[PDB]
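Notes follow the structure.
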Amino acid sequence: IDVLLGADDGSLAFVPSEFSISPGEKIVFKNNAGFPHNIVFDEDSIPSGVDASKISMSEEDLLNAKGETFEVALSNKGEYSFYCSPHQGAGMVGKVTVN
Ligand SMILES: [Cu+2]
């Protein structure tokens, strides 16, 4: 599944922001508008035992240019909350359910 980082009208949002996927399905986050952006998984809001480090960008890492991607595959079932660190306050947050 492809997820846009920033909407086509410049809104600071993940498009889509809430979605479900099957285990092993790849998520391709694509830098679109209002960059820089990043994708960070909340360590307190992911399934028990999962290493946030294996699926997240560092809060200091950034996708700076249009078209840059971050790809991740999730295996453990459950809900995962994620956000864009510089735009968290603006509401650039999401949640993926692995079912
Ligand atoms: Cu952002």
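Here chain A follows Swiss-Prot for its numbers: 70-168, in order, are the residues you see.
Going by what the header records, the deposited coordinates were determined by X-ray crystallography, 1.3 Å.
Even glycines carry a Cβ here, placed using N, Cα and C.
Annotation source Swiss-Prot lists domain 'Plastocyanin-like' at 70-168. As annotated by Swiss-Prot, Cu cation binding site applies to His106, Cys153, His156, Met161.
When the binding-site residues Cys153, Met161 are scored by other C-beta atoms within 10 Å, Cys153 scores highest. With the fewest other C-beta atoms within 10 Å around its C-beta, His156 stands out among the binding-site residues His106, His156.
Close to the recorded Cu cation site, the chain also has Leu74, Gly75, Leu81, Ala82, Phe83, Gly103, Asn107, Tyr152, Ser154, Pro155, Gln157, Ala159: residues not among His106, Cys153, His156, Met161 whose Cβ is within 8 Å of the site's Cβ mean position. Under DSSP, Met161 (Cu cation binding site) is assigned to coil, being neither helix nor strand in the three-state scheme.
Under the DSSP three-state reduction, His156 (Cu cation binding site) is assigned to helix.
Counting residues per DSSP class in helix, strand and coil order gives 7 helix, 37 strand, 55 coil for the domain 'Plastocyanin-like' (70-168).
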